[PDB]
Novice: 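If you scroll down you'll find the structure; I have some questions about it.
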Amino acid sequence: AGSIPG
Amino acid sequence: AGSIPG
Amino acid sequence: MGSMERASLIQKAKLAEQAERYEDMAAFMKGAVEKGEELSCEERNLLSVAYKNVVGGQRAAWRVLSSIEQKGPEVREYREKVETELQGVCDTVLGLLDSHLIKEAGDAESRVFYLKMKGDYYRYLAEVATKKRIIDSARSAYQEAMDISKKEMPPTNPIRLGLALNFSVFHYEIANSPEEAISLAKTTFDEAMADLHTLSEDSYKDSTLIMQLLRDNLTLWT
Amino acid sequence: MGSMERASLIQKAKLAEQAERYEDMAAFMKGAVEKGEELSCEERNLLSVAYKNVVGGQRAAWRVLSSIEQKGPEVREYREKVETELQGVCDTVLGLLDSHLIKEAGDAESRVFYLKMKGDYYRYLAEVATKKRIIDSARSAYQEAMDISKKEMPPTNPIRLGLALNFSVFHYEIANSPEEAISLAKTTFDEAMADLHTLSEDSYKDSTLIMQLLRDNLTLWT
Ligand SMILES: *Cc1ccc(-n2ccnc2Br)nc1
Ligand SMILES: *Cc1ccc(-n2ccnc2Br)nc1
């Protein structure tokens, strides 16, 4: 599950 | 020019 | 960083990003925030990118160590060391947001940005906590950020979209609410889709990029 | 790290490598060396890998900053900051080798390894220096290491080969002797080739790996 890479 | 990556 | 000019701190933060010196970058941006002036859009991104990289490396190390720990006292001791370091970075970011970035943030763009950050760093704290109050602190920050973004920003706004993305990851990974996560990601993706026709080509690229992250998670979760 | 057991420092160095926490790894191995006992083959590699990663990131940042500098005072100031940090790491490694790793290293395997390290970290110092004595210190360390390896090790020994590789890079990049670099790389490659028939499959893999690095440089230099 990916969050904002940022 | 490459040295030992190490 | 009290003796360095605000502008010099900002310029050195940009240099440290280029040199992939993210601890330096975070230190420079911490000193910039502590000058007491509000942050511009670009300066907010520098602050976010700096700490996201620093804590990201800590989280990645913590997971390696926690995995070995699950599978003498050295492994636990060293995981505890990295855990303490991570919590210190999260506490420093939360302290900057509380003193005094959020209270001085009046525009929706700045306020949602800082509240999304606040939800993120409580989330990171929640990942290592053994806990309910920390999870609720993340939830509360994300919730206030969502309420503002849905009143004040178009559905395609990249900060709105990234906020919804991370809030959905919070629901899935932290709050044990996969159905809320799936529902939030789908509704966010659908409202953004319906709003793309209003965008220029560059705004369209910003928005469809994050929308794809929403889709990637939905493919993983369904 | 005076209060931690030698064995705990070694085990935590291995954990930090797995977690890509190379500053931690270097600190752990510095504390291990400062216990005063000689280092095993494996522990020498941990020491080398730890500092090579730390200084490698410093060198990469220094080159980015120096490139921008060549192309206010902030860029120079920050490059000077990274430069000072790099020199401090190099000085710390050189201090460990001088106190007292080299003088206690009697076997050819350990002595060549430490002298190759010493040539490497003077080389790194020479890369940022503005200088002749530092270059000669690197040359002298590499030379003593070569004289021992050619008396005491087979031509295919990986430490002998890596030593010759780095000494050739020294000739090319630092000492402005490209012809000596080409000559050293070719002769090293040819003697190793003629000695491969003596090796097991695993030793053959170790040696041919480094021989390929010699070939890669020769392709670049000719
Ligand atoms: C929280 C966040 C951080 C960055 C972005 N963004 C802007 C442009 N591209 C991306 Br990814 N969105 C949201
Ligand atoms: C100086 C040095 C460092 C490492 C190695 N090595 C051993 C096995 N593979 C490699 Br690359 N050789 C020389």
Side-chain angles (χ1 to χ4, degrees), chain B, chain C residues 16 19-21 23-24, chain D residues 1 13 16-17 20-34 39 43-67 69 76-105 110-131 133-146 159 162-163 165-176:
Chain B
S3 58
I4 271 286
Chain C
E20 285 171 15
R21 298 267 300 190
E23 191 173 313
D24 286 353
Chain D
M1 296 276 177
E17 180 175 27
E20 285 171 15
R21 298 267 300 190
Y22 290 105
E23 191 173 313
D24 286 353
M25 187 181 182
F28 292 139
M29 293 300 314
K30 183 181 182 278
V33 170
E34 286 181 349
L39 298 200
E43 299 166 348
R44 290 195 295 275
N45 291 327
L46 291 165
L47 179 59
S48 175
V49 167
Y51 279 107
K52 190 86 86 195
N53 274 292
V54 172
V55 72
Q58 295 174 314
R59 295 159 75 207
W62 186 96
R63 291 181 332 252
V64 167
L65 294 180
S66 189
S67 174
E69 183 175 20
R76 173 190 54 79
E77 281 169 353
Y78 185 42
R79 186 271 299 156
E80 287 176 356
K81 180 189 163 164
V82 174
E83 181 167 316
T84 302
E85 192 187 282
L86 187 165
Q87 293 167 325
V89 173
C90 290
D91 285 344
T92 295
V93 178
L94 292 170
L96 297 174
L97 290 173
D98 202 43
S99 295
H100 296 282
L101 286 172
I102 288 173
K103 67 172 57 68
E104 290 309 334
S110 67
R111 192 170 188 86
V112 172
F113 188 89
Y114 293 133
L115 289 161
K116 171 185 178 189
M117 275 180 75
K118 181 179 180 169
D120 284 349
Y121 286 96
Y122 275 114
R123 177 154 61 83
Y124 303 152
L125 284 180
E127 286 176 343
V128 305
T130 60
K131 167 69 181 310
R133 277 193 263 281
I134 294 171
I135 287 172
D136 198 59
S137 291
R139 185 205 52 75
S140 178
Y142 283 135
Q143 191 55 63
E144 180 174 356
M146 302 270 300
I159 304 298
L163 166 60
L165 177 74
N166 287 9
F167 197 11
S168 75
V169 166
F170 170 82
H171 286 310
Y172 197 95
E173 284 189 352
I174 308 297
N176 193 38

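The sequence lines fix the lettering, A, B, ..., with proteins before strands; numbering per chain opens at 1. Computation of the quantities below employed the complete heavy-atom set of this structure, encompassing side-chain atoms and omitting hydrogens, waters and symmetry-equivalent molecules.
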Novice: How many angstroms lie between CE in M25(D) and CG in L47(D), if you round to the nearest 0.5 Å?
Specialist: 8.5 Å
Novice: List, one per line, each side-chain donor-acceptor pair under 3.5 Å for residues 91-100 of chain D, sequence neighbours excluded.
Specialist:
from    : atom 1 : to      : atom 2 : distance (Å)
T92(D)  : OG1    : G88(D)  : O      : 2.9
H100(D) : ND1    : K103(D) : NZ     : 3.0

Novice: Listed by chain and number, what are the ring-ring contact (aromatic ring centres under 6.0 Å, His included) partners of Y172(D), not counting sequence neighbours?
Specialist: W221(D)
Novice: Taking atom CD of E69(D) and atom CH2 of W62(D), what is their separation to the nearest 0.5 Å?
Specialist: 8.0 Å
Novice: With sequence neighbours excluded, what pairs up with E17(D) under the salt bridge (charged side-chain N to carboxylate O under 4.0 Å, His left out) test?
Specialist: none
Novice: Test of understanding: with salt bridge (charged side-chain N to carboxylate O under 4.0 Å, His left out), list the residues that count as partners of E77(D), not counting sequence neighbours.
Specialist: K12(C)
Novice: Taking side-chain hydrogen bond (donor to acceptor under 3.5 Å, both in side chains) as the definition, give me every residue that meets it alongside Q143(D), ordered by chain and number, with sequence neighbours left out.
Specialist: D147(D)
Novice: Hey, what do you get for CG (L101(D)) to NZ (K118(D)), rounding to the nearest 0.5 Å?
Specialist: 11.5 Å
Novice: Suppose we screen for salt bridge (charged side-chain N to carboxylate O under 4.0 Å, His left out). Which residues come up paired with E173(D), at least two apart in sequence or across chains?
Specialist: none
Novice: Ion pair present between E144(D) and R111(D), side-chain N to carboxylate O less than 4.0 angstrom?
Specialist: yes
Novice: Rounded at 0.5 Å granularity, tell me how far CD1 in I159(D) sits from OG in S48(D).
Specialist: 8.0 Å
Novice: Hey, could you give me each pair passing side-chain hydrogen bond (donor to acceptor under 3.5 Å, both in side chains) that has a residue in residues 23-34 of chain D? Not counting sequence neighbours.
Specialist: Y78(C)-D24(D), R21(D)-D24(D), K30(D)-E34(D)
Novice: Supply the atom-to-atom distance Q58(D) CD to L86(D) CG, rounded to the nearest 0.5 angstrom.
Specialist: 4.5 Å
Novice: Out of curiosity, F167(D) CZ to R139(D) CZ, how far, rounded to the nearest 0.5 Å?
Specialist: 7.0 Å
Novice: Report the residues that fulfil side-chain hydrogen bond (donor to acceptor under 3.5 Å, both in side chains) with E80(D), sequence neighbours left out, ordered by chain and then residue number.
Specialist: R76(D)
Novice: Taking only residues two or more places apart in sequence, or in another chain, which ones meet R123(D) in a salt bridge (charged side-chain N to carboxylate O under 4.0 Å, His left out)?
Specialist: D120(D)
